[PDB]
Each structure stands twice: as C-alpha cells, then as structure tokens.
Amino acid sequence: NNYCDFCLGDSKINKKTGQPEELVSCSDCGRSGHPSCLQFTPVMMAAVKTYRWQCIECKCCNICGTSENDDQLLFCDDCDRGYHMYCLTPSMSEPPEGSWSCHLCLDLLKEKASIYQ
C-alpha cells in the first residue's frame, strides 16, 4: 500500500522519474501506483484523487455498483470510472468510437474533456 507496484518507489521517491509523487491506491485491494507510473494523463492524474479510484480488477460501475458484465463496462478516458453501456441513458448498443468522457467529467473539465477536439 505504501509502495508503487510499478517502480517499487513510494510517495517520497518515484524510482522512474526521481521526483516525489503521491501514490494513488485502489480503494478495495490497495494496489498502489504513482499516477505517472499508471500512465495517467495529467487530467486523469488529478481526477483519480477526487474519488475512491478502483484498479481494473476491482472496478465497479458507478451507476449500479456491480463488477459484472466486464464486456460492457466502459472506462471514462478522463477519470477512469467504470459505467455499463446498459446503465447509461440512453443505453448504448455498441461501444463508442474514439475517446469517451463521462457526464461527471464533461461537467467538471468542460473543454479539457477527452471527447472534445
């Protein structure tokens, strides 16, 4: 929990970059990483600190709260939250093309959301 799974560093030292960098930790299993190690964009690096982020193994739909039907569980390209295609309104029959930003991110980030330009 107090070490980055990817570089084995900690909050005091990112071993890849040499800089101090906060860890983000999965709210369910404790899997931790530096945001840069997790290869998050600066927008996502920021977003995962504003809510109880979950790693891919633990990720649940933010709407229904389940981790079932992973073949329909979208990840927002800005905040990394999961959403089932069928939980969205309107429901999506097929996955989207290109980048996809959830409603929370569109509201908060506006023009900085991935879906734009």
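Don't overthink the numbering: it's just position in the shown sequence, from 1.
> May I ask you to compare 38-46 and 51-59 by their mean CA B factor in the entry and name the higher one?
The recorded data point to 38-46.
> Look up the CA B-factors in the entry and say which stretch, 26-34 or 76-84, has the higher mean.
Here the higher of the two C-alpha B-factor means belongs to 26-34.
> Compared with the other modelled residues in the chain, in which third is the CA B-factor of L108?
Within its chain, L108 is a highest-third residue by C-alpha B-factor, going by the deposited values.
> If you rank the chain by CA B-factor, which third does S99 end up in: lowest, middle or highest?
Lowest third, going by the recorded CA B-factors of the chain.
> Where does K15 sit by CA temperature factor within its chain: lowest, middle or highest third?
Bottom third by C-alpha B-factor.
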